[PDB]
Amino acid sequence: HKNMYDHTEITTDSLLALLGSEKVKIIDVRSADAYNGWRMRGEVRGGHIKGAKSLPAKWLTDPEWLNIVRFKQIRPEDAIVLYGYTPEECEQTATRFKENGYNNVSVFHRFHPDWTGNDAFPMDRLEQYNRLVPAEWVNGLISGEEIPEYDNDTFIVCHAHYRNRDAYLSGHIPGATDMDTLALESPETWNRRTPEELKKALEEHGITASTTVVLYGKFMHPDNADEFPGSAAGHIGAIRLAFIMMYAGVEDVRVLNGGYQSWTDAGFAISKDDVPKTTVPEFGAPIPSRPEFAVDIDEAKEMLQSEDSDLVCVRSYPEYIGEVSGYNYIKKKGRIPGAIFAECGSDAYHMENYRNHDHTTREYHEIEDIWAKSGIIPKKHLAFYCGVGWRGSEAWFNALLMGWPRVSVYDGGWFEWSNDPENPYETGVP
């Protein structure tokens, strides 16, 4: 019946008439960063067609491509409409759908410049997308080239890791310097360090409050059998450090979307130099400048008693039901009573529910809709937490990117909560 290699074109008028159809799935095959709003071809309006889902053509080489599509609830009985910067970029995706039994597949040729160039055509974007940067933006930054969403004259690219300098020395973005997560958080409490420590640490790494800091980490397949599996979850650590730096007072913090893998996926050169630090004498702002980003245990207890506040438990399901603690250095098992569960992923060192297979952030509409089903909504003051505040920082960053007005991280997490034998806790399947 179908032709695997000749695809029907859908017109702008036809697509306009189908924008509200529940039987139609509009699929943006560009990069997730363009989908979020980055104007990667110089378009005046960035983002995606309103209601479109993100399925980057880059993922076509992934052997799990069909499961990704099914996990996104894109079904063979749906009418599939693909679009990219050009219709030619949609051809391989269209063929891939037809090869897997999707018989209703069309290609929209006029997204750019026709759709982007007229304000009558509805578009959407991740409100604070410029904090989540693509690899091309970082490459222009370190090359001293004109890049959008950047009006500063001072920057530093920071490769985060947890007591694992090999994560940096085995390959890093050229010119980048490494920051151990221990520089900004204490091994005694696994909370952010005191203001005086953060001031010294940031200065010794060459960071002022007015320095644009670009953070990223390297995913190295964490294994629960290792003594420090967090040494392999570099990009969670990067977002954890982004939280602490923004809390401290760094005005412009960016995160490389997808971490190190996005840098090498783009084909850019890597460096193995051990770049020395260029310290700065004065941070230049009071620390912390944004204390409302952090929540501690007394306020967290209040938020459990408030109508417009909630704690969001970003742990794994075995941790939530008290089957495991999730950590080799925590013996207590259980959960904070009254918190809203938002499953992070498989265990304490993986964020499958918040990431794509290439570690870029999951399509934010999916995060937003799943959160809303559990009452995790922006009208509340939300304190994301987990074991020790790493996974909660990554969840918190996703909400911050959506422009949510009062989102925090409860730093202490299950570690601090369970360390007080007076605190109530639950266990078992709810």
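Numbers follow the displayed sequence, beginning with 1.
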{"item": "Per the entry, higher mean C-alpha B factor between 83-91 and 162-170", "value": "83-91"}
{"item": "310-318 versus 138-146 - greater average Cα B-factor per the deposited record", "value": "138-146"}
{"item": "Highest-ranked of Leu60, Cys386, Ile27, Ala34 once sorted by CA temperature factor in the record", "value": "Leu60"}
{"item": "Residue with highest C-alpha B-factor in the PDB entry, from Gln305, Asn130, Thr177, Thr181", "value": "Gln305"}
{"item": "Lowest, middle or highest third - CA B-factor, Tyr327", "value": "middle"}
{"item": "Ranked C-alpha temperature factor of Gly259 among modelled chain residues, by third", "value": "lowest"}
{"item": "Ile377 - Cα temperature factor, lowest/middle/highest third of chain", "value": "lowest"}
{"item": "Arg41 CA temperature factor, ranked by third within the chain", "value": "highest"}
{"item": "Within-chain third of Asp114 by Cα B-factor, per the entry", "value": "middle"}
